[PDB]
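Undergrad: experimental coordinates follow, after the sequence.
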Amino acid sequence: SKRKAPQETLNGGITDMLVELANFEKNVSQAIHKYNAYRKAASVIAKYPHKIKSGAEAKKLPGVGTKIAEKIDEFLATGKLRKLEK
């Protein structure tokens with residue numbers, strides 16, 4: 001019904017990483033399956049009316065599966081890592 005929310009900084013940083021790599025999927029030859037992966041997760045997280053704090057909050061979204069949702073958990077968890085811990 002014509003919503004158009006206001007500009008705000010909620011989850012516009014994640015979609016920037018899903019929309020960027022998303023181009024790397026279609027721009028590549030055999031990468032159309034992972035293409036829709038970030039294409040949908042980038043649209044739902046970029047136009048979501050709320051925020052998330054766990055990979056599960058990204059899986060409940062319509063369009064995100066377990067692969068893309070798994071990357072979301074790494075975002076809310078820490079952000080980057082070189083080696084593992086024990």
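TA: Noted; the coordinates are in hand. Numbering: from 1, shown residues only.
Undergrad: shouldn't residue 14 be in contact with residue 72?
TA: Yes. With contact defined as C-beta atoms under 8 Å, residue 14 counts as touching residue 72 (7.0 Å). C-beta here means a position set from N, CA and C on the backbone, and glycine is covered the same way.
Undergrad: any residues in contact with both of those two?
TA: residue 45 (C-beta atoms under 8 Å, 6 or more residues apart in numbering).
Undergrad: just the strands in this structure please.
TA: Taking DSSP state E, the chain contains no strands at all.
Undergrad: can you show me the CA trace of stretch 5-16 as PDB?
TA: Output in PDB follows, covering the C-alpha atoms of stretch 5-16 (Å, rounded to 0.1, in the frame of the first residue of the first chain):
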ATOM      1  CA  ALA A   5      10.100   3.900   5.200                       C
ATOM      2  CA  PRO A   6      12.500   6.700   6.300                       C
ATOM      3  CA  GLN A   7      16.300   6.500   5.800                       C
ATOM      4  CA  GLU A   8      18.000   5.000   8.900                       C
ATOM      5  CA  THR A   9      21.000   2.900   9.900                       C
ATOM      6  CA  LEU A  10      19.600  -0.400  11.100                       C
ATOM      7  CA  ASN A  11      20.700  -3.300   8.900                       C
ATOM      8  CA  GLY A  12      21.900  -1.500   5.700                       C
ATOM      9  CA  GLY A  13      25.500  -2.700   6.300                       C
ATOM     10  CA  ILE A  14      24.800  -6.400   5.900                       C
ATOM     11  CA  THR A  15      22.800  -6.000   2.700                       C
ATOM     12  CA  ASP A  16      25.800  -4.100   1.300                       C
END
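Undergrad: so how far is it off the chain centroid?
TA: Here the centre of mass of C-alpha atoms in stretch 5-16, compared against the chain's by C-alpha atoms, centre = their mean, to the nearest Å, lies 12 Å away.
Undergrad: what lies in contact with it?
TA: Contacts for stretch 5-16 (C-beta under 8 Å, 6+ apart): 42, 43, 45, 46, 48, 49, 51, 52, 72, 75.
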